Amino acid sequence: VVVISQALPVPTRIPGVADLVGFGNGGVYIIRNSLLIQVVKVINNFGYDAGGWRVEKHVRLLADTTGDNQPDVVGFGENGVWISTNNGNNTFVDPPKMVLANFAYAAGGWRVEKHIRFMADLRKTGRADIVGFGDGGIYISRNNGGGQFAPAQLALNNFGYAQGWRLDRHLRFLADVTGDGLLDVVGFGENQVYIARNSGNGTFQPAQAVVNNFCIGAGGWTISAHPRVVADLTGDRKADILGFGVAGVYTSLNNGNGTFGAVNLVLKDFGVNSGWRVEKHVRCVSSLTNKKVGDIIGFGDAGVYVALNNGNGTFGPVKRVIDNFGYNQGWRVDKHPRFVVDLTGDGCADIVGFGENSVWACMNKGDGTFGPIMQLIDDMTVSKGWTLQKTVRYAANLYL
C-alpha cells in the first residue's frame, strides 16, 4: 500500500528490512540492513560538497525508476533531474545521468518553498514517473524506461501555487482513495479536503471536495500545530484521513469509493490538549501488528506512545512502549530524525532514530509492544556533522 506525503516522500514496505540512506556532505552513504552493520559510501554525488546539493534548492529521493524493485537515487538538482541507478550489490552508477532538463531550480523555476516534487508509479508501469505540484497545477513526466523521461505535461490545473496552494497552509499527498491501485491526489486545501482521481493515463480528474474539515479554513487546522496523515485505517487498502487536532485524534473514513464519512474524535490523546507540539514531538501512523492497519505512534516527552487500531479505525488505550526516543531523552525535531519502519521483516513496524552520537533502534515484538533500545552504529549523526540544514536521511528499502 503506497502513500506519498510531504513528510515521507519515500515510502517503505511492510513487511521489509529497511535500509538507512544518507545524503551527507561527501555523497550518498548506506547502512544495509544485514548482519554486518557499517556505513558504505555509494555515490560521490548528491552531496553538499559532492555536487553542490542544497536542501533549500534541491530535492533528493529514492525511487524505482527501472522497474526491478530496487530503488534508484533521484535528485532534482540545479538544471535538471539526475539519476544514479541501483546496481543490486550495494553499489550505484556513478556519475549520475541527467534525464530531464525540468523540475529544477534553474530549469522550470522550481522552488522548495513553493512546490512539491515526488517520484511515483502513476500508471502502474512498475516505474516511477516524476510528479510535481508547481505553479499552473500538477505536472508529470512519464517514465518510458531506460532513463527515458518524456517532456513534462500538465496533468491537472489544480493543487498548484496559482490556485492558492501554499506549503504554510495546506497539505498534498498521493494515495489510492478508490481501490483501483492508482494513486489519486489528496489535498487539504483552504476550505476543503479535495481528491482528484487518477485516470491511469497521466491525467487526474477535476478536484472534488470530500470533507469540510481538517483544513485551516475548516476547523482551524494549522501546519504549525495540527499534523494530518493519509493512511489505511481499516484494512481494505483504501486510504482514510487522520488528523492530530486540539482535543485529540480525528478521523474521516473512506466510504469505499473515494467519498468520505463523518469526522469523529476517536482518541483523546496525541493532540495539543495532551501536550503535543509539532516543534517538540513526532507523530506517525504505521502498522505495528498483524492486522495490517494504521496504528498511532507518538514520540512524546517521556518516550514513545502507541495506540493500537482494533482493525476498524477505532483505537485501544495509549501505552508508553519505551522510555526513549523522547524530548526528555534529548531528542530534538531539528536534529534527530525518527522513523517508524519494518527493520526485521515480520510485517510489524519498528523504530529507528538518528540520535546525537548513535543511531538507535527498537524492535517491535510482533504485537505492538517493543523490546529494549539497541545502539546500531555511531555514525550518520549530529556528532559526525550530519545536520538537517546540510544533509538528508531516510529509511528506504533499497533491495527487493
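Don't overthink the numbering: it's just position in the shown sequence, from 1.
S.K.: Looking at the deposited entry, does 390 to 398 or 2 to 10 carry the larger mean Cα B-factor?
M.R.: Higher of the two, by average CA B-factor, is 390 to 398.
S.K.: For the C-alpha atoms alone, is the average B factor greater in 314 to 322 or in 243 to 251, going by the entry?
M.R.: Higher mean C-alpha B-factor: 314 to 322.
S.K.: Check the PDB entry and point out which of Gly181, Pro206, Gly217, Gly134 has the largest C-alpha temperature factor.
M.R.: It is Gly181.
S.K.: Kindly indicate the residue among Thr125, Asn90, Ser224, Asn198 with the greatest C-alpha B-factor in the PDB record.
M.R.: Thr125 has the highest C-alpha B-factor of those listed.
S.K.: What third of its chain, lowest, middle or highest, does the C-alpha temperature factor of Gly27 fall into?
M.R.: As the PDB entry reports it, the C-alpha B-factor of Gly27 lands in the middle third of its chain.
S.K.: If you rank the chain by CA B-factor, which third does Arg60 end up in: lowest, middle or highest?
M.R.: As the PDB entry reports it, the C-alpha B-factor of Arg60 lands in the lowest third of its chain.
S.K.: Would the CA B-factor of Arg142 place it in the lowest, middle or highest third of its chain?
M.R.: Within its chain, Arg142 is a middle-third residue by C-alpha B-factor, going by the deposited values.
S.K.: Using the B-factor values recorded in the entry, state whether the Cα atom of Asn157 falls in the lowest, middle or highest third among the modelled residues of its chain.
M.R.: Lowest third - that is where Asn157 ends up once the chain's C-alpha B-factors are sorted.
S.K.: Which third of the chain holds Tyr327 when residues are ordered by C-alpha B factor: lowest, middle or highest?
M.R.: Highest third - that is where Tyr327 ends up once the chain's C-alpha B-factors are sorted.
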